[PDB]
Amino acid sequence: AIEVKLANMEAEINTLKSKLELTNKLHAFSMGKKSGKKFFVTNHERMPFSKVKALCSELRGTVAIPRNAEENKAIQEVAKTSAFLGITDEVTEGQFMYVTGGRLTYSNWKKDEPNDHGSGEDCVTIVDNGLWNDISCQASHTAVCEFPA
């Protein structure tokens, strides 16, 4: 009894992990996940940057970060409106870093941006052009999370 049931439950658990993995694959597929590509998702809600990070973090993802023109357009198409990117110069003014760490490689700044305008701008938004503009982290923009390829 005991040992047999325990061995069976281990098989039940492994079967459940396999099924859940399959469910996640199907959901990613229905969400637009392209083979071997990272995918972006949004609930179309606009909120302050701190809430986007908290939200993507709960979902075990990160605030969307374009690493090249392709991904930049991908995020643009997903958001449809202005959306925060996982990039800020909160730590050292003028030095934009990825929220995931490290200095910005690819960038697509609008002319004369980032400019830390007025009272200050430490966050970044991809606008309805794919271009970038630094804006107040307190402002509310579309939440777009990123998940691994």
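Quick note: we count residues from 1 along the sequence shown, nothing fancier.
Between the stretches 121 to 129 and 134 to 142, it is 121 to 129 that shows the larger average CA temperature factor. Mean CA temperature factor is higher for 104 to 112 when stretches 104 to 112 and 46 to 54 are set side by side in the entry. Among 86, 36, 32, 61, the highest C-alpha B-factor in the deposited entry belongs to 36. In the deposited entry, the Cα temperature factor of residue 97 places it in the highest third of its chain's modelled residues.
Residue-level temperature factors show residue 69 in the highest third of its chain, judged at the C-alpha atom.
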